[PDB]
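Visitor: If it helps, the file is called input05.cif and holds mmCIF, C-alpha atoms and all ligand atoms:
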```cif
data_my_file
#
loop_
_atom_site.label_atom_id
_atom_site.label_comp_id
_atom_site.auth_asym_id
_atom_site.auth_seq_id
_atom_site.Cartn_x
_atom_site.Cartn_y
_atom_site.Cartn_z
CA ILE A 247 10.31 -6.19 -70.05
CA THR A 248 8.45 -9.02 -71.79
CA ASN A 249 10.25 -11.71 -69.76
CA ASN A 250 8.83 -11.93 -66.25
CA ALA A 251 11.84 -13.74 -64.75
CA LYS A 252 14.04 -10.60 -64.97
CA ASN A 253 13.24 -8.02 -62.24
CA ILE A 254 12.02 -4.51 -63.04
CA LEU A 255 14.32 -1.87 -61.60
CA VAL A 256 12.91 1.63 -61.13
CA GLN A 257 14.64 4.94 -60.39
CA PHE A 258 12.79 7.88 -58.85
CA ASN A 259 13.22 11.54 -59.76
CA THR A 260 11.60 12.89 -56.58
CA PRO A 261 12.65 11.36 -53.23
CA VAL A 262 9.98 9.81 -51.01
CA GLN A 263 10.85 10.35 -47.35
CA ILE A 264 10.24 7.52 -44.89
CA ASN A 265 10.20 7.63 -41.08
CA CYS A 266 10.91 4.39 -39.19
CA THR A 267 11.21 3.91 -35.43
CA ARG A 268 11.53 1.22 -32.78
CA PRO A 269 9.38 2.72 -30.00
CA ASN A 270 10.49 0.10 -27.45
CA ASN A 271 13.10 1.63 -25.11
CA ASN A 272 15.25 -1.47 -24.75
CA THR A 273 18.39 -1.69 -22.63
CA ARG A 274 21.75 -3.40 -23.08
CA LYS A 275 23.00 -5.94 -20.52
CA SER A 276 26.59 -7.14 -20.88
CA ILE A 277 26.94 -10.47 -19.09
CA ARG A 278 30.50 -11.80 -19.16
CA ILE A 279 30.38 -15.31 -20.71
CA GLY A 280 34.12 -15.94 -21.23
CA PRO A 281 37.48 -14.59 -20.23
CA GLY A 282 37.89 -11.41 -22.32
CA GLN A 283 34.61 -12.30 -23.98
CA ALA A 284 31.33 -10.50 -23.25
CA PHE A 285 27.85 -11.22 -24.60
CA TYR A 286 25.29 -8.43 -24.97
CA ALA A 287 21.67 -9.26 -24.14
CA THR A 288 18.52 -7.16 -23.99
CA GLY A 289 17.51 -6.06 -20.47
CA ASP A 290 14.27 -4.67 -18.97
CA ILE A 291 12.13 -2.72 -21.50
CA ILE A 292 11.24 0.75 -20.09
CA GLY A 293 7.88 2.16 -21.18
CA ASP A 294 4.96 0.93 -23.30
CA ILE A 295 5.26 -2.17 -25.49
CA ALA B 1 -3.56 -3.90 5.28
CA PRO B 2 -4.33 -0.25 6.21
CA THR B 3 -1.73 2.50 5.97
CA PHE B 4 -1.96 5.67 8.06
CA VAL B 5 -0.52 9.13 7.29
CA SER B 6 -0.59 11.96 9.84
CA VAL B 7 -0.84 15.51 8.46
CA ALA B 8 -1.07 18.73 10.45
CA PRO B 9 -4.06 20.93 9.53
CA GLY B 10 -3.17 23.13 6.59
CA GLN B 11 -0.12 21.22 5.35
CA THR B 12 0.74 19.02 2.39
CA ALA B 13 -0.13 15.31 2.33
CA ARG B 14 1.73 12.44 0.65
CA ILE B 15 -0.25 9.35 -0.38
CA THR B 16 1.31 6.18 -1.82
CA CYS B 17 -0.81 3.57 -3.58
CA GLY B 18 -0.23 0.86 -6.16
CA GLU B 19 2.78 -1.03 -7.47
CA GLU B 20 5.58 0.44 -9.59
CA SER B 21 4.48 1.67 -13.01
CA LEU B 22 5.49 -0.60 -15.89
CA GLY B 23 3.58 1.22 -18.63
CA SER B 24 1.56 4.36 -19.26
CA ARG B 25 -1.08 4.49 -16.53
CA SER B 26 -4.58 5.91 -16.02
CA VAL B 27 -4.81 6.20 -12.24
CA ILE B 28 -8.16 6.66 -10.48
CA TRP B 29 -8.44 7.93 -6.90
CA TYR B 30 -11.47 7.48 -4.65
CA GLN B 31 -12.59 9.03 -1.36
CA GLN B 32 -14.30 6.80 1.20
CA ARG B 33 -15.39 8.86 4.19
CA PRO B 34 -16.06 6.88 7.39
CA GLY B 35 -19.39 5.10 6.98
CA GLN B 36 -20.20 6.82 3.69
CA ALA B 37 -19.72 5.57 0.12
CA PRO B 38 -16.50 5.87 -1.92
CA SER B 39 -16.57 9.17 -3.81
CA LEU B 40 -14.48 10.00 -6.87
CA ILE B 41 -11.66 12.54 -6.66
CA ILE B 42 -9.32 12.18 -9.64
CA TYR B 43 -9.78 10.34 -12.93
CA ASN B 44 -7.03 10.14 -15.57
CA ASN B 45 -4.47 11.47 -13.07
CA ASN B 46 -4.50 15.25 -12.56
CA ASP B 47 -7.83 15.64 -14.45
CA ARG B 48 -10.86 15.98 -12.09
CA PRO B 49 -14.73 15.83 -12.31
CA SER B 50 -17.16 18.71 -11.54
CA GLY B 51 -17.31 20.04 -7.93
CA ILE B 52 -13.78 19.07 -6.86
CA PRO B 53 -11.29 21.57 -5.39
CA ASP B 54 -7.88 22.09 -6.95
CA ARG B 55 -5.98 21.05 -3.80
CA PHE B 56 -6.13 17.45 -5.04
CA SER B 57 -3.47 16.71 -7.66
CA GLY B 58 -2.44 13.41 -9.27
CA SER B 59 1.02 12.41 -10.39
CA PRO B 60 1.32 11.99 -14.18
CA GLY B 61 1.05 8.48 -15.61
CA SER B 62 3.51 9.11 -18.45
CA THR B 63 6.65 8.30 -16.45
CA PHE B 64 7.74 4.75 -15.62
CA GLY B 65 9.27 3.14 -12.56
CA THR B 66 7.40 5.25 -9.99
CA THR B 67 4.23 4.84 -7.92
CA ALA B 68 1.04 6.86 -8.11
CA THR B 69 0.69 9.79 -5.73
CA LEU B 70 -2.27 11.90 -4.60
CA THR B 71 -1.06 15.27 -3.30
CA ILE B 72 -3.26 17.30 -0.94
CA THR B 73 -1.97 20.75 0.06
CA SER B 74 -3.39 22.64 3.05
CA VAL B 75 -5.66 19.80 4.12
CA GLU B 76 -9.01 20.83 5.56
CA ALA B 77 -10.88 18.77 8.15
CA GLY B 78 -13.28 17.37 5.54
CA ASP B 79 -10.53 15.90 3.34
CA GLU B 80 -9.65 13.30 5.99
CA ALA B 81 -10.89 9.90 4.77
CA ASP B 82 -9.72 6.62 3.24
CA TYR B 83 -8.27 6.90 -0.27
CA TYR B 84 -8.07 4.05 -2.79
CA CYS B 85 -6.35 4.02 -6.18
CA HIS B 86 -7.49 2.11 -9.27
CA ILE B 87 -4.54 1.27 -11.53
CA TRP B 88 -4.95 0.96 -15.30
CA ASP B 89 -1.46 -0.14 -16.38
CA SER B 90 -0.83 -0.90 -20.06
CA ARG B 91 1.69 -3.64 -19.25
CA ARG B 92 -0.47 -5.12 -16.39
CA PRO B 93 -3.79 -6.96 -16.89
CA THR B 94 -7.14 -5.53 -15.80
CA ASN B 95 -7.27 -4.85 -12.06
CA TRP B 96 -10.59 -5.76 -10.42
CA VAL B 97 -9.42 -5.13 -6.82
CA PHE B 98 -8.43 -1.64 -5.72
CA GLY B 99 -5.06 -1.05 -4.11
CA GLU B 100 -4.42 -0.96 -0.39
CA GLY B 101 -5.93 2.34 0.67
CA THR B 102 -4.18 5.04 2.67
CA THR B 103 -5.85 6.43 5.79
CA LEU B 104 -5.28 10.17 6.02
CA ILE B 105 -5.94 11.60 9.49
CA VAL B 106 -5.68 15.27 10.47
CA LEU B 107 -4.21 15.47 13.97
CA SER B 108 -7.29 17.40 15.31
CA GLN B 109 -5.79 17.69 18.94
CA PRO B 110 -2.67 16.36 20.81
CA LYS B 111 -1.57 12.77 21.02
CA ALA B 112 -2.90 10.65 23.85
CA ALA B 113 -1.19 7.57 25.37
CA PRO B 114 -3.22 4.34 25.57
CA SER B 115 -4.75 3.25 28.87
CA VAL B 116 -4.50 -0.53 29.16
CA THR B 117 -6.08 -2.97 31.60
CA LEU B 118 -5.49 -6.73 31.45
CA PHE B 119 -7.82 -9.20 33.16
CA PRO B 120 -7.27 -12.95 33.67
CA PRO B 121 -9.85 -15.40 32.25
CA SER B 122 -12.91 -15.81 34.54
CA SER B 123 -12.99 -18.73 37.05
CA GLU B 124 -16.56 -19.62 35.85
CA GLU B 125 -15.13 -20.05 32.28
CA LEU B 126 -12.75 -22.86 33.53
CA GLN B 127 -15.84 -25.07 34.34
CA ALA B 128 -17.00 -24.71 30.66
CA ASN B 129 -13.44 -25.67 29.38
CA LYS B 130 -13.03 -22.20 27.80
CA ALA B 131 -10.24 -19.74 28.77
CA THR B 132 -10.19 -16.14 27.43
CA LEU B 133 -7.78 -13.25 28.13
CA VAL B 134 -9.13 -9.73 27.65
CA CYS B 135 -6.80 -6.81 26.87
CA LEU B 136 -8.62 -3.47 27.03
CA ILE B 137 -7.14 -0.37 25.37
CA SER B 138 -8.77 3.06 25.58
CA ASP B 139 -8.00 6.77 25.98
CA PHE B 140 -5.56 6.61 23.05
CA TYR B 141 -5.17 8.87 20.04
CA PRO B 142 -4.87 8.49 17.11
CA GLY B 143 -6.69 5.28 16.25
CA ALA B 144 -3.60 3.13 15.65
CA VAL B 145 -3.81 -0.52 16.73
CA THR B 146 -0.78 -2.58 17.78
CA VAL B 147 -1.58 -6.02 19.22
CA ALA B 148 1.28 -7.90 20.89
CA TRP B 149 0.67 -11.03 22.98
CA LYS B 150 3.70 -12.46 24.79
CA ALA B 151 3.40 -15.58 26.94
CA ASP B 152 6.59 -15.27 28.90
CA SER B 153 9.47 -15.42 26.47
CA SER B 154 7.78 -16.51 23.28
CA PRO B 155 4.59 -15.17 21.67
CA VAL B 156 1.48 -16.88 20.34
CA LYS B 157 0.43 -15.92 16.81
CA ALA B 158 -2.80 -17.89 16.42
CA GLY B 159 -6.00 -17.68 18.44
CA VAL B 160 -6.14 -13.87 18.60
CA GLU B 161 -8.89 -11.61 17.27
CA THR B 162 -9.08 -7.82 17.50
CA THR B 163 -11.69 -5.31 16.34
CA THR B 164 -11.39 -2.03 14.49
CA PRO B 165 -10.82 1.11 16.60
CA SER B 166 -13.79 3.45 16.91
CA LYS B 167 -14.28 6.66 18.88
CA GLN B 168 -16.93 6.82 21.61
CA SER B 169 -17.87 10.53 21.61
CA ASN B 170 -14.30 11.47 22.53
CA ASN B 171 -10.95 12.06 20.89
CA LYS B 172 -9.93 8.56 21.97
CA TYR B 173 -10.87 5.40 20.09
CA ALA B 174 -12.02 2.00 21.34
CA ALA B 175 -9.74 -1.03 20.98
CA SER B 176 -10.49 -4.44 22.50
CA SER B 177 -8.22 -7.48 22.11
CA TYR B 178 -9.10 -11.10 22.88
CA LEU B 179 -7.39 -14.49 22.99
CA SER B 180 -8.94 -17.97 23.06
CA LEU B 181 -6.86 -20.60 24.88
CA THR B 182 -7.35 -23.91 26.72
CA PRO B 183 -7.53 -24.37 30.51
CA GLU B 184 -4.40 -26.54 30.41
CA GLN B 185 -2.54 -23.77 28.56
CA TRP B 186 -3.31 -21.06 31.13
CA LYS B 187 -1.58 -23.19 33.78
CA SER B 188 1.24 -24.08 31.37
CA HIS B 189 3.10 -20.78 31.04
CA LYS B 190 4.16 -18.87 34.14
CA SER B 191 2.71 -15.50 33.11
CA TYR B 192 1.03 -13.89 30.10
CA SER B 193 1.02 -10.29 28.90
CA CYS B 194 -0.39 -8.05 26.17
CA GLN B 195 1.88 -5.24 24.95
CA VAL B 196 0.38 -2.17 23.29
CA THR B 197 2.56 0.24 21.30
CA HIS B 198 1.33 3.60 20.03
CA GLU B 199 3.30 5.88 17.69
CA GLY B 200 6.52 4.29 18.95
CA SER B 201 5.63 4.13 22.67
CA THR B 202 5.12 0.61 24.03
CA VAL B 203 3.01 -0.13 27.11
CA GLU B 204 3.13 -3.58 28.70
CA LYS B 205 0.99 -5.16 31.43
CA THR B 206 1.29 -8.77 32.58
CA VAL B 207 -0.95 -11.32 34.31
CA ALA B 208 -0.24 -14.42 36.39
CA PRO B 209 -2.43 -17.30 37.61
CA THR B 210 -3.28 -17.88 41.25
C1 LIG A 301 12.23 -11.55 -16.93
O1 LIG A 301 12.45 -12.65 -16.02
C2 LIG A 301 13.32 -12.24 -14.94
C3 LIG A 301 13.59 -13.43 -14.02
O2 LIG A 301 14.18 -14.50 -14.76
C4 LIG A 301 12.66 -11.13 -14.14
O3 LIG A 301 13.56 -10.70 -13.11
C5 LIG A 301 12.88 -10.67 -11.85
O4 LIG A 301 12.09 -9.47 -11.78
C6 LIG A 301 11.34 -9.43 -10.55
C7 LIG A 301 10.47 -8.17 -10.55
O5 LIG A 301 9.56 -8.22 -11.65
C8 LIG A 301 12.30 -9.39 -9.37
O6 LIG A 301 11.56 -9.34 -8.14
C9 LIG A 301 12.09 -8.28 -7.34
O7 LIG A 301 13.31 -8.71 -6.70
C10 LIG A 301 13.91 -7.63 -5.95
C11 LIG A 301 15.22 -8.12 -5.34
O8 LIG A 301 14.93 -8.98 -4.23
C12 LIG A 301 16.15 -9.60 -3.78
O9 LIG A 301 16.95 -8.70 -3.04
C13 LIG A 301 16.21 -8.06 -2.02
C14 LIG A 301 17.11 -7.04 -1.34
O10 LIG A 301 17.85 -6.31 -2.32
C15 LIG A 301 15.74 -9.09 -1.01
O11 LIG A 301 14.85 -8.45 -0.09
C16 LIG A 301 14.99 -10.21 -1.70
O12 LIG A 301 14.76 -11.28 -0.78
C17 LIG A 301 13.39 -11.59 -0.90
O13 LIG A 301 12.65 -12.01 -2.04
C18 LIG A 301 12.85 -13.41 -2.20
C19 LIG A 301 12.23 -13.87 -3.52
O14 LIG A 301 12.85 -13.18 -4.60
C20 LIG A 301 12.19 -14.17 -1.04
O15 LIG A 301 12.37 -15.57 -1.22
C21 LIG A 301 12.83 -13.73 0.27
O16 LIG A 301 12.13 -14.30 1.37
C22 LIG A 301 12.77 -12.20 0.37
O17 LIG A 301 11.41 -11.78 0.48
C23 LIG A 301 15.79 -10.75 -2.86
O18 LIG A 301 16.98 -11.34 -2.34
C24 LIG A 301 12.96 -7.20 -4.84
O19 LIG A 301 13.55 -6.12 -4.10
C25 LIG A 301 11.64 -6.75 -5.45
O20 LIG A 301 10.72 -6.40 -4.41
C26 LIG A 301 9.86 -5.33 -4.82
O21 LIG A 301 8.67 -5.88 -5.41
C27 LIG A 301 7.99 -6.78 -4.51
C28 LIG A 301 6.76 -7.35 -5.21
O22 LIG A 301 6.05 -8.21 -4.31
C29 LIG A 301 7.58 -6.04 -3.25
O23 LIG A 301 6.93 -6.95 -2.34
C30 LIG A 301 8.82 -5.44 -2.59
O24 LIG A 301 8.44 -4.71 -1.41
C31 LIG A 301 9.49 -4.51 -3.58
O25 LIG A 301 8.57 -3.46 -3.93
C32 LIG A 301 9.07 -2.61 -4.97
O26 LIG A 301 7.97 -1.83 -5.49
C33 LIG A 301 7.36 -1.03 -4.44
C34 LIG A 301 6.16 -0.27 -5.00
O27 LIG A 301 5.09 -1.19 -5.24
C35 LIG A 301 8.38 -0.04 -3.91
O28 LIG A 301 7.78 0.77 -2.88
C36 LIG A 301 9.55 -0.81 -3.33
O29 LIG A 301 10.54 0.10 -2.83
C37 LIG A 301 10.15 -1.68 -4.42
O30 LIG A 301 10.65 -0.85 -5.48
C38 LIG A 301 11.07 -7.89 -6.28
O31 LIG A 301 10.81 -9.02 -5.44
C39 LIG A 301 13.16 -10.64 -9.40
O32 LIG A 301 14.10 -10.62 -8.32
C40 LIG A 301 13.90 -10.68 -10.71
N1 LIG A 301 14.70 -11.91 -10.76
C41 LIG A 301 15.73 -12.05 -11.62
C42 LIG A 301 16.46 -13.39 -11.54
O33 LIG A 301 16.07 -11.19 -12.42
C43 LIG A 301 12.37 -9.97 -15.05
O34 LIG A 301 11.69 -8.93 -14.32
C44 LIG A 301 11.50 -10.42 -16.20
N2 LIG A 301 11.30 -9.28 -17.10
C45 LIG A 301 10.29 -9.23 -17.98
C46 LIG A 301 10.25 -7.96 -18.83
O35 LIG A 301 9.46 -10.12 -18.12
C1 LIG A 302 14.82 5.36 -22.19
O1 LIG A 302 15.02 4.88 -20.85
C2 LIG A 302 16.12 5.58 -20.22
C3 LIG A 302 16.39 5.01 -18.83
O2 LIG A 302 16.84 3.66 -18.94
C4 LIG A 302 15.79 7.06 -20.11
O3 LIG A 302 16.92 7.74 -19.53
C5 LIG A 302 16.52 8.69 -18.53
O4 LIG A 302 16.45 10.01 -19.11
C6 LIG A 302 16.03 11.00 -18.14
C7 LIG A 302 15.93 12.37 -18.82
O5 LIG A 302 15.08 12.28 -19.96
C8 LIG A 302 17.03 11.07 -16.99
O6 LIG A 302 16.57 12.02 -16.01
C9 LIG A 302 17.61 12.94 -15.62
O7 LIG A 302 18.30 12.39 -14.48
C10 LIG A 302 19.35 13.26 -13.99
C11 LIG A 302 20.04 12.59 -12.80
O8 LIG A 302 19.06 11.99 -11.96
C12 LIG A 302 19.33 12.24 -10.57
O9 LIG A 302 18.08 12.59 -9.93
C13 LIG A 302 17.09 11.55 -10.10
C14 LIG A 302 15.77 11.97 -9.45
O10 LIG A 302 15.24 13.12 -10.12
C15 LIG A 302 17.59 10.25 -9.46
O11 LIG A 302 16.62 9.21 -9.65
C16 LIG A 302 18.91 9.85 -10.11
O12 LIG A 302 19.41 8.64 -9.52
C17 LIG A 302 19.91 10.98 -9.94
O13 LIG A 302 20.16 11.22 -8.54
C18 LIG A 302 18.75 14.59 -13.55
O14 LIG A 302 19.80 15.46 -13.08
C19 LIG A 302 18.05 15.23 -14.74
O15 LIG A 302 17.46 16.48 -14.35
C20 LIG A 302 16.97 14.28 -15.24
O16 LIG A 302 16.01 14.07 -14.19
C21 LIG A 302 17.14 9.69 -16.35
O17 LIG A 302 18.11 9.70 -15.29
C22 LIG A 302 17.55 8.68 -17.41
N1 LIG A 302 17.62 7.33 -16.83
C23 LIG A 302 18.79 6.76 -16.51
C24 LIG A 302 18.68 5.35 -15.92
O18 LIG A 302 19.89 7.29 -16.68
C25 LIG A 302 15.52 7.62 -21.50
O19 LIG A 302 15.17 9.01 -21.42
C26 LIG A 302 14.41 6.82 -22.16
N2 LIG A 302 14.20 7.29 -23.54
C27 LIG A 302 13.52 8.41 -23.84
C28 LIG A 302 13.42 8.72 -25.33
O20 LIG A 302 13.02 9.15 -22.99
#
```
Would you put the structure from the file into structure tokens?
Ligand SMILES: *[C@@H]1O[C@H](CO)[C@@H](O[C@@H]2O[C@H](CO)[C@@H](O[C@@H]3O[C@H](CO[C@H]4O[C@H](CO)[C@@H](O)[C@H](O[C@H]5O[C@H](CO)[C@@H](O)[C@H](O)[C@@H]5O)[C@@H]4O)[C@@H](O)[C@H](O[C@H]4O[C@H](CO)[C@@H](O)[C@H](O)[C@@H]4O[C@H]4O[C@H](CO)[C@@H](O)[C@H](O)[C@@H]4O)[C@@H]3O)[C@H](O)[C@H]2NC(C)=O)[C@H](O)[C@H]1NC(C)=O
Ligand SMILES: *[C@@H]1O[C@H](CO)[C@@H](O[C@@H]2O[C@H](CO)[C@@H](O[C@@H]3O[C@H](CO[C@H]4O[C@H](CO)[C@@H](O)[C@H](O)[C@@H]4O)[C@@H](O)[C@H](O)[C@@H]3O)[C@H](O)[C@H]2NC(C)=O)[C@H](O)[C@H]1NC(C)=O

Guide:
Amino acid sequence: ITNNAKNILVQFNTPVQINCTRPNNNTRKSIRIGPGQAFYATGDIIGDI
Amino acid sequence: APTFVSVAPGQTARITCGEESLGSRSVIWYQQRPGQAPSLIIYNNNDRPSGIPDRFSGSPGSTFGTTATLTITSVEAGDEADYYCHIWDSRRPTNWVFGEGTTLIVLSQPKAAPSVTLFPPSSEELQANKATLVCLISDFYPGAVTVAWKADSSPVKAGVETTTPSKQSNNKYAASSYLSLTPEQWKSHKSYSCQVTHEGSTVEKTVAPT
């Protein structure tokens, strides 16, 4: 604990809940780029940015 | 530019205005009676201001991919006017020009066929090096304008000016169409004509030099 280089690991007794979201309603677009090979790119985003 | 929608008295109206929605919108609808000032109907979609009947309803701005819509059920005679929409789209920048308005018109009597009369340019005008064809259209209802100038086979797009239709104390409206040409052009083509269509019914009258 006296040496700063080592990290300080902590363990909780009561869980802290966390809510994460990606509000952007993206879409998947599979554009064939090779024989038997398919690349997946993001399409039009529906809704608010 | 204008868009017309015919609605029988006491029936539902469908009004389209604005582009496709890309984000959450806040649509504004306005009422511009003929000659009067634009009056507000709907702000923030279905929500309305004091003194407005419930027959006017706005489509919600929460959905995406659709166009705004002002719904009028059992239209009374007073509701007929020009309606503009002001789009506040989250994805789109600020709009300073309203959308192309929709002209709602109650039928308010039976459809009338246009009465057309075409006159050749005056002989006196040839001396001044000015030639003008006059296509008169009257006794027509509703006030829908369709200008079509055909010089023999092929038409002429430029050099034509037409006014807005207006009623003259009758169901009919007043439409007058003009065309500025040169004296050497009147003797060029064999015969001219101005075709007038109304609600899908075309009327054509020709003219020939002497
Ligand atoms: C990321 O970048 C990409 C490009 O790299 C963007 O993709 C582009 O997205 C735009 C829209 O934002 C697309 O424009 C749309 O194209 C539609 C398809 O047109 C083609 O096919 C139709 C028939 O199916 C033909 O009529 C067209 O021919 C004409 O257009 C070309 C030019 O593209 C002219 O040169 C020709 O002379 C023809 O005129 C094409 O072949 C097209 O239908 C669509 O049109 C709607 O929107 C226009 C806007 O002016 C209206 O005029 C038109 O009437 C249509 O109106 C829609 O909306 C109204 C309501 O307002 C509805 O009532 C209508 O029913 C309709 O829904 C428009 O032109 C573009 O093609 C596309 N290109 C590519 C390569 O993907 C991404 O959008 C962009 N994304 C992001 C997030 O940034
Ligand atoms: C993220 O964006 C997605 C679209 O890319 C959203 O998916 C949409 O989800 C709604 C329901 O929440 C679906 O609506 C249903 O559609 C079916 C079938 O539609 C038929 O009728 C409609 C006209 O009403 C017509 O346009 C169609 O072509 C069909 O003829 C209906 O039977 C249901 O009652 C309901 O209306 C959309 O269809 C669906 N979109 C697509 C492209 O599938 C998704 O909901 C968005 N994310 C969130 C969290 O909302």

Visitor: Output, as AutoDock Vina command-line options, the centre and edge lengths in Å (one decimal) of the axis-aligned box that contains all listed atoms of ligand LIG 301 (chain A) with 6 Å of margin on each side.

Guide:
```
--center_x 11.5 --center_y -7.4 --center_z -8.7 --size_x 24.8 --size_y 28.3 --size_z 32.2
```

Visitor: List all protein, DNA and RNA residues that have an atom no more than 10 Å from any atom of ligand LIG 301 (chain A), counting only C-alpha atoms and all ligand atoms, and report them as a short mmCIF file (atom, residue, chain, number, x, y, z; two decimals) with C-alpha atoms, in the frame of the given file.

Guide:
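Result saved to selection-v2.cif:
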```
data_model
loop_
_atom_site.label_atom_id
_atom_site.label_comp_id
_atom_site.auth_asym_id
_atom_site.auth_seq_id
_atom_site.Cartn_x
_atom_site.Cartn_y
_atom_site.Cartn_z
CA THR A 288 18.52 -7.16 -23.99
CA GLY A 289 17.51 -6.06 -20.47
CA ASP A 290 14.27 -4.67 -18.97
CA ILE A 291 12.13 -2.72 -21.50
CA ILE A 292 11.24 0.75 -20.09
CA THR B 16 1.31 6.18 -1.82
CA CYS B 17 -0.81 3.57 -3.58
CA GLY B 18 -0.23 0.86 -6.16
CA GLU B 19 2.78 -1.03 -7.47
CA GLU B 20 5.58 0.44 -9.59
CA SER B 21 4.48 1.67 -13.01
CA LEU B 22 5.49 -0.60 -15.89
CA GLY B 65 9.27 3.14 -12.56
CA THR B 66 7.40 5.25 -9.99
CA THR B 67 4.23 4.84 -7.92
CA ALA B 68 1.04 6.86 -8.11
CA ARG B 91 1.69 -3.64 -19.25
#
```

Visitor: Using all atoms listed in the file, what table do you get, as a Markdown table, when you list each residue of chain B with an atom no more than 8 Å from chain A, its nearest pair of atoms, and their distance in Å rounded to one decimal, rows by chain then rising number?

Guide:
```
| residue | atom | partner | partner_atom | distance |
| --- | --- | --- | --- | --- |
| B:22 | CA | A:293 | CA | 6.4 |
| B:23 | CA | A:294 | CA | 4.9 |
| B:24 | CA | A:294 | CA | 6.3 |
| B:63 | CA | A:293 | CA | 7.8 |
| B:64 | CA | A:293 | CA | 6.1 |
| B:90 | CA | A:294 | CA | 6.9 |
| B:91 | CA | A:294 | CA | 6.9 |
```

Visitor: Record the distance separating atom CA of residue 151 of chain B and atom CA of residue 208 of chain B, expressed in Å with one decimal.

Guide: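 Straight-line distance from atom CA of residue 151 of chain B to atom CA of residue 208 of chain B works out to 10.2 Å.
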
Visitor: Calculate how many Å separate atom CA of residue 187 of chain B from atom CA of residue 158 of chain B, rounding to one decimal.

Guide: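 Taking atom CA of residue 187 of chain B as the start and atom CA of residue 158 of chain B as the end point, the length is 18.2 Å.
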
Visitor: When distances are computed from all atoms listed in the file, which of B:62, B:103, B:169, B:46 shows the smallest separation from ligand LIG 302 (chain A)?

Guide: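 Nearest to ligand LIG 302 (chain A): B:62.
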
Visitor: I need the residue nearest residue 178 of chain B from this list: B:40, B:77, B:118, B:134. Use all atoms listed in the file for the distance.

Guide: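 Of B:40, B:77, B:118, B:134, the one nearest residue 178 of chain B is B:134, counting all atoms listed in the file.
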
Visitor: What is the atom CA of residue 75 of chain B-atom CA of residue 9 of chain B distance in Å, reported with one decimal?

Guide: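 So the answer is 5.8 Å.
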
Visitor: Nearest residue to residue 143 of chain B out of B:117, B:3, B:26, B:123, using all atoms listed in the file?

Guide: B:3

Visitor: Choose the residue, out of B:71, B:138, B:12, B:129, that has the smallest atom-to-atom separation from residue 186 of chain B; count all atoms listed in the file.

Guide: B:129

Visitor: Which one is closest to ligand LIG 302 (chain A): A:273, A:248, A:268, A:258? Count all atoms listed in the file.

Guide: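 Looking only at the distances to ligand LIG 302 (chain A), the closest residue turns out to be A:273.
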
Visitor: Taking 2 positions as the minimum chain separation for residues in the same chain, which residues sit within 8 Å of residue 287 of chain A when counting all atoms listed in the file? Answer as a list in words.

Guide: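 My list of contacting residues is residues 274, 275, 276, 277, 285 and 289 of chain A.
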